[PDB]
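Asks: Quick one: the structure is below, and I'll ask about it shortly.
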Amino acid sequence: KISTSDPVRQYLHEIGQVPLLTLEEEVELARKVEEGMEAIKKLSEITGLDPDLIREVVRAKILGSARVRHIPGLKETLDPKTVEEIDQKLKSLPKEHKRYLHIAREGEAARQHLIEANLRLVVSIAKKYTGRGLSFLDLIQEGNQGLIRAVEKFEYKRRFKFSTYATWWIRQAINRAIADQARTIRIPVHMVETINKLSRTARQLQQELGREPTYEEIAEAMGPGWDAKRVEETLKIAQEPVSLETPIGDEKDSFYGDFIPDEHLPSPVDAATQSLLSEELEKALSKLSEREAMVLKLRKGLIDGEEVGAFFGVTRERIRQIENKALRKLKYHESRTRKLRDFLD
Amino acid sequence: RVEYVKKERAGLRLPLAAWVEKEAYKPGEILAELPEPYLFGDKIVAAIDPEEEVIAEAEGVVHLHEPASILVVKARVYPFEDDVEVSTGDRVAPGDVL
């Protein structure tokens with residue numbers, strides 16, 4: 001039964017049950033997030049294990065077993081053996097070093113209780129950026145992709161509040177997704193900030209003139225390197241692919257697509273020309289001294305058409321030689337037996 | 001399990017305000033730290049501090065509440081060794097096999 005509410009609800013359910021203290025607890029978790037990486041960074045030292053390892057293995061010990069490591073990203077690492085093994089070394093580390101394992105673990109745990117206490121902090125924000133071209137959910141989803149990305153970076157020591165800090169990164173993440181997923185034909189961020197201007201300028205001109213601006217009014221208005229061919233060209237692209245499937249004519253049954261022809265496929269009269277062309281050129285291929293014919297033959301023919309590095313051994317002057325001569329003899333033995341004359345093309 | 005404290009004393013509490021008064025982190029004055037009952041392990045004066053922070057000066061402030069949260073779970077402290085199945089629990093300090 002209709003999504004949206006469930007999530008909006010599921011959030012408030014653990015949000016409405018797990019809100020965070022405006023300072024304290026947030027500052028608490030924070031210290032436990034930073035002392036986390038810092039910790040792990042030392043584990044890697046005392047263990048010659050890549051940070052990427054510790055970070056993962058510590059996460060599973062908390063988030064999920066060997067289950068979440070299998071289906072997500074294939075068995076590169078031993079769901080069973082490899083993971084416990086690593087942990088074995090961590091727990092085997094003397095008090096002085098194991099200290100950090102517990103801190104690491106206690107570290108990632110805090111991250112957990114800092115990302116949730118704001119899932120609504122995202123929703124609110126998302127509430128604004130909406131009708132651009134993404135479900136409310138996605139808009140919220142891409143907002144959370146930003147919430148976390150904002151935790152990895154917050155420095156609690158620099159007294160300024162978290163909530164805020166999150167705002168920035170969140171909007172950052174939503175926009176990207178917007179610019180990057182919004183359409184069917186990928187357009188760059190560049191030619192995006194630029195289309196909006198044009199959409200806008202289109203209105204400023206709608207404002208006073210009355211005549212829907214010619215690609216001149218718009219061009220002058222926009223800026224420098226803006227011609228008339230430019231704006232006209234900018235829009236066809238700023239368009240929206242029309243559904244290959246849409247009611248046409250006295251719309252009833254007749255579906256659009258059936259009005260669009262084909263081209264790759266040669267229609268019977270052409271499939272018959274390659275027939276005649278092939279054989280006839282191939283019959284007029286034999287009445288030749290293969291020593292040079294078969295070089296231009298396959299040249300345009302087989303691979304691709306460069307006269308220089310053309311022939312195997314012999315130099316150039318013998319290329320054109322038999323070329324220009326064979327070609328011509330080839331041209332007049334056909335003038336007689338008129339086969340290609342009436343251009344098969 | 002009570003959390004962030006304020007200021008009334010400091011009996012058997014956390015390692016946070018162990019710096020606010022070096023006495024018990026370089027020397028050993030906590031034993032004489034009591035205001036006056038020494039003539040006629042955590043503790044502290046009537047009230048000489050705020051909340052949680054790094055006190056080189058106030059570079060880690062957090063003036064607030066004291067959430068006393070109850071977690072329905074069992075609290076062990078001095079577990080030992082019963083080697084029938086793989087080592088479970090911990091020791092008084094040594095191998096915290098967990």
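Quick note on naming: the chains in the structure tokens go A, B, ... in the order shown, residues restart at 1 in each chain, and ligands are numbered from 1 in order of appearance.
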Should the cut-off be 12 Å, what would the residue list for chain A against chain B look like, counting only C-alpha atoms, as a PyMOL selection string?

Replies: chain A and resi 20-28+30-31+61+84+87-96+98-99+101-102+105+155-161

Asks: Write the residues of the preceding selection, restricted to N, CA and C atoms, as a short mmCIF file (atom, residue, chain, number, x, y, z; two decimals), in the first residue's frame.

Replies:
```
data_model
loop_
_atom_site.label_atom_id
_atom_site.label_comp_id
_atom_site.auth_asym_id
_atom_site.auth_seq_id
_atom_site.Cartn_x
_atom_site.Cartn_y
_atom_site.Cartn_z
N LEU A 20 17.93 13.62 18.87
CA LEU A 20 19.20 13.90 19.54
C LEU A 20 19.30 15.25 20.22
N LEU A 21 20.00 15.28 21.35
CA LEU A 21 20.18 16.51 22.11
C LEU A 21 20.88 17.50 21.21
N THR A 22 20.35 18.72 21.16
CA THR A 22 20.87 19.80 20.33
C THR A 22 22.40 20.01 20.37
N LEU A 23 23.04 19.58 21.45
CA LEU A 23 24.49 19.71 21.57
C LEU A 23 25.11 18.43 22.10
N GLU A 24 25.11 18.31 23.42
CA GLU A 24 25.68 17.18 24.14
C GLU A 24 25.83 15.87 23.36
N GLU A 25 24.77 15.07 23.34
CA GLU A 25 24.78 13.78 22.65
C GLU A 25 25.33 13.84 21.22
N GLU A 26 25.11 14.95 20.52
CA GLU A 26 25.64 15.07 19.17
C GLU A 26 27.15 15.21 19.28
N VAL A 27 27.59 16.07 20.20
CA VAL A 27 29.01 16.29 20.44
C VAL A 27 29.65 15.01 20.99
N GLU A 28 28.84 14.22 21.70
CA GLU A 28 29.29 12.96 22.29
C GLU A 28 29.59 11.97 21.18
N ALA A 30 29.95 12.48 18.04
CA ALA A 30 31.01 13.04 17.21
C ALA A 30 32.38 12.57 17.68
N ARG A 31 32.75 12.94 18.90
CA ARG A 31 34.04 12.55 19.44
C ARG A 31 34.28 11.05 19.22
N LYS A 61 31.23 -6.80 12.13
CA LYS A 61 31.13 -7.22 13.51
C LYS A 61 29.99 -6.49 14.19
N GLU A 84 36.79 -13.37 10.51
CA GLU A 84 37.09 -13.78 11.89
C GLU A 84 38.61 -13.74 12.09
N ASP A 87 39.81 -10.38 12.77
CA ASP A 87 39.39 -10.04 14.12
C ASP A 87 40.26 -10.76 15.15
N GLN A 88 40.68 -11.97 14.80
CA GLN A 88 41.54 -12.76 15.67
C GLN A 88 42.77 -11.93 16.01
N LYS A 89 43.42 -11.38 14.98
CA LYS A 89 44.61 -10.55 15.17
C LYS A 89 44.34 -9.29 16.00
N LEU A 90 43.16 -8.69 15.81
CA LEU A 90 42.78 -7.48 16.52
C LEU A 90 42.64 -7.73 18.01
N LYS A 91 41.95 -8.82 18.35
CA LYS A 91 41.71 -9.20 19.74
C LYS A 91 43.01 -9.70 20.40
N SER A 92 43.94 -10.17 19.57
CA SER A 92 45.23 -10.69 20.03
C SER A 92 46.21 -9.55 20.33
N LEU A 93 45.88 -8.35 19.86
CA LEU A 93 46.71 -7.17 20.08
C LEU A 93 46.75 -6.86 21.57
N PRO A 94 47.94 -6.58 22.11
CA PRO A 94 48.08 -6.27 23.53
C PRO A 94 47.14 -5.15 23.98
N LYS A 95 46.97 -5.03 25.29
CA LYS A 95 46.11 -4.01 25.89
C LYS A 95 46.32 -2.64 25.26
N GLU A 96 47.59 -2.26 25.12
CA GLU A 96 47.99 -0.97 24.57
C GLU A 96 47.42 -0.68 23.20
N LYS A 98 44.90 -3.11 21.62
CA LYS A 98 43.52 -3.61 21.57
C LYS A 98 42.61 -2.48 22.01
N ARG A 99 43.19 -1.60 22.81
CA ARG A 99 42.49 -0.43 23.31
C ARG A 99 41.66 0.15 22.17
N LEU A 101 40.79 -1.22 19.27
CA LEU A 101 39.79 -2.08 18.63
C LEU A 101 38.45 -1.73 19.26
N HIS A 102 38.41 -1.71 20.59
CA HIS A 102 37.19 -1.38 21.30
C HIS A 102 36.75 0.03 20.95
N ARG A 105 35.38 -0.02 17.29
CA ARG A 105 34.04 -0.58 17.38
C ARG A 105 33.07 0.41 18.03
N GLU A 155 34.26 17.97 12.02
CA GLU A 155 35.27 18.07 13.07
C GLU A 155 34.61 18.70 14.29
N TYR A 156 34.23 17.89 15.26
CA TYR A 156 33.57 18.41 16.45
C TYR A 156 34.40 19.43 17.22
N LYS A 157 35.73 19.29 17.17
CA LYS A 157 36.61 20.21 17.87
C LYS A 157 36.33 21.64 17.45
N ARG A 158 35.98 21.84 16.18
CA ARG A 158 35.64 23.17 15.67
C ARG A 158 34.17 23.38 16.06
N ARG A 159 34.00 23.89 17.28
CA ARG A 159 32.72 24.14 17.93
C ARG A 159 31.43 24.36 17.13
N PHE A 160 31.49 24.82 15.88
CA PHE A 160 30.24 25.02 15.14
C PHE A 160 29.37 23.77 14.98
N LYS A 161 28.07 23.94 15.25
CA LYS A 161 27.04 22.89 15.21
C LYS A 161 27.02 21.94 14.01
#
```

Asks: Give me the residues within 10 Å of residue 30 in chain B as a JSON list (two decimals) with N, CA and C atoms, in the first residue's frame, counting only C-alpha atoms and dropping any in the same chain fewer than 2 places off.

Replies:
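Okay, result.json is ready:
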```json
[["chain", "number", "residue", "atom", "x", "y", "z"],
["B", 18, "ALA", "N", 39.67, 13.93, 35.11],
["B", 18, "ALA", "CA", 40.89, 13.43, 35.74],
["B", 18, "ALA", "C", 42.03, 14.39, 35.45],
["B", 21, "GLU", "N", 42.10, 18.64, 37.41],
["B", 21, "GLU", "CA", 42.96, 18.84, 38.57],
["B", 21, "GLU", "C", 44.02, 17.75, 38.50],
["B", 22, "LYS", "N", 45.10, 18.04, 37.79],
["B", 22, "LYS", "CA", 46.22, 17.11, 37.58],
["B", 22, "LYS", "C", 46.54, 16.17, 38.75],
["B", 23, "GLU", "N", 46.34, 16.65, 39.97],
["B", 23, "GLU", "CA", 46.61, 15.90, 41.21],
["B", 23, "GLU", "C", 46.61, 14.38, 41.13],
["B", 24, "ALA", "N", 45.66, 13.80, 40.39],
["B", 24, "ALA", "CA", 45.58, 12.34, 40.29],
["B", 24, "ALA", "C", 45.91, 11.78, 38.90],
["B", 25, "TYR", "N", 46.78, 12.45, 38.16],
["B", 25, "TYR", "CA", 47.17, 11.98, 36.83],
["B", 25, "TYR", "C", 48.67, 12.19, 36.58],
["B", 27, "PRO", "N", 50.54, 13.31, 39.93],
["B", 27, "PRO", "CA", 50.91, 13.07, 41.33],
["B", 27, "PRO", "C", 50.01, 11.98, 41.95],
["B", 28, "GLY", "N", 49.43, 12.29, 43.10],
["B", 28, "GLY", "CA", 48.54, 11.36, 43.78],
["B", 28, "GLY", "C", 47.90, 12.06, 44.96],
["B", 32, "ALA", "N", 44.12, 12.91, 49.32],
["B", 32, "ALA", "CA", 44.14, 14.05, 50.22],
["B", 32, "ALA", "C", 43.24, 15.12, 49.62],
["B", 33, "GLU", "N", 42.68, 14.80, 48.45],
["B", 33, "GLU", "CA", 41.80, 15.71, 47.72],
["B", 33, "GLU", "C", 40.54, 16.12, 48.49],
["B", 34, "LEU", "N", 40.05, 15.26, 49.38],
["B", 34, "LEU", "CA", 38.86, 15.62, 50.14],
["B", 34, "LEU", "C", 39.13, 16.95, 50.83],
["B", 41, "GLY", "N", 38.40, 4.34, 42.27],
["B", 41, "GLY", "CA", 38.30, 5.28, 43.38],
["B", 41, "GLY", "C", 38.15, 6.72, 42.94],
["B", 42, "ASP", "N", 36.90, 7.18, 42.87],
["B", 42, "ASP", "CA", 36.60, 8.55, 42.44],
["B", 42, "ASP", "C", 35.80, 9.37, 43.49],
["B", 43, "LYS", "N", 36.11, 10.66, 43.60],
["B", 43, "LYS", "CA", 35.45, 11.58, 44.54],
["B", 43, "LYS", "C", 35.87, 13.02, 44.20],
["B", 44, "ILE", "N", 35.18, 14.02, 44.74],
["B", 44, "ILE", "CA", 35.53, 15.42, 44.45],
["B", 44, "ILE", "C", 34.93, 16.46, 45.41]]
```

Asks: Enumerate, as a ChimeraX atom specification, the complete set of residues in chain B that a backbone-based DSSP assignment places in strand (DSSP E or B).

Replies: /B:2,55,57-58,68

Asks: For residue 54 in chain B, which residue out of B:19, B:88, B:68, B:75 is the nearest one, using only C-alpha atoms?

Replies: B:19

Asks: For residue 56 in chain A, list every protein, DNA or RNA residue within 10 Å, evaluated using only C-alpha atoms, and leave out those in the same chain fewer than 6 positions away; present the list as a ChimeraX atom specification.

Replies: /A:63,69,83

Asks: Would you output that residue set with N, CA and C atoms, as a compact mmCIF listing (two decimals), in the first residue's frame?

Replies:
```txt
# COMPACT_ATOMS: atom_id res chain seq x y z
N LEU A 63 27.28 -4.19 12.09
CA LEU A 63 26.14 -4.20 11.19
C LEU A 63 25.58 -5.57 10.82
N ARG A 69 27.89 -9.69 3.31
CA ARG A 69 29.16 -9.60 2.58
C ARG A 69 29.16 -10.45 1.30
N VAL A 83 37.32 -12.85 7.54
CA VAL A 83 36.80 -11.89 8.54
C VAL A 83 37.16 -12.18 10.02
```

Asks: Within 9 Å of range 135-139 of chain A, which residues of range 143-218 of chain A come that close, and what is the closest atom pair and distance in Å for each? Count only C-alpha atoms and give it as a Markdown table.

Replies:
```
| residue | atom | partner | partner_atom | distance |
| --- | --- | --- | --- | --- |
| A:143 | CA | A:139 | CA | 6.2 |
| A:144 | CA | A:139 | CA | 9.0 |
| A:174 | CA | A:139 | CA | 6.4 |
| A:177 | CA | A:139 | CA | 8.3 |
| A:178 | CA | A:139 | CA | 8.3 |
```

Asks: Do you have the CA of residue 219 in chain A-CA of residue 231 in chain A distance handy?

Replies: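 Straight-line distance from CA of residue 219 in chain A to CA of residue 231 in chain A works out to 6.4 Å.
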
Asks: Would you pick out the contacts of residue 248 in chain A at 12 Å or less, using only C-alpha atoms, so that residues sharing its chain but fewer than 5 positions from it are not included, and give the list as a VMD selection string?

Replies: chain A and resid 243 253 to 260

Asks: Give me, as number ranges by chain, all polymer residues having an atom no more than 12 Å from residue 189 in chain A, counting only C-alpha atoms and skipping those fewer than 6 positions away in the same chain.

Replies: A: 175-182, 195-196

Asks: Mind giving me the straight-line distance from CA of residue 222 in chain A to CA of residue 200 in chain A in Å, one decimal?

Replies: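 Separating CA of residue 222 in chain A from CA of residue 200 in chain A is a distance of 9.6 Å.
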
Asks: Within range 120-235 of chain A, find each residue whose DSSP state, derived from the backbone, is helix (DSSP H, G or I), and express the selection as an MDAnalysis selection string.

Replies: chainID A and resid 120:128 136:148 162:181 190:208 217:222 228:235

Asks: Need to verify the contact set: range 284-291 of chain A, 12 Å, only C-alpha atoms, exclusion of same-chain residues closer than 4 positions in sequence. Can you return it as a ChimeraX atom specification?

Replies: /A:276-280,295-298,301,311-314,318-319,321-323,325-335,337-340

Asks: Could you tell me how far CA of residue 241 in chain A sits from CA of residue 183 in chain A, in Å to one decimal place?

Replies: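 Between these atoms lies a distance of 9.1 Å.
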
Asks: Considering only C-alpha atoms, can you say which of B:53, B:85, B:29, B:36 comes closest to residue 15 in chain B?

Replies: B:53

Asks: A:129, A:343, A:154, A:162: which is nearest residue 281 in chain A, counting only C-alpha atoms?

Replies: A:343

Asks: Give me the residues near residue 166 in chain A as a ChimeraX atom specification, where near means some atom within 9 Å (using only C-alpha atoms) and where sequence neighbours in that chain fewer than 4 positions away do not count.

Replies: /A:118,121-122,146-151,154,162,170-171
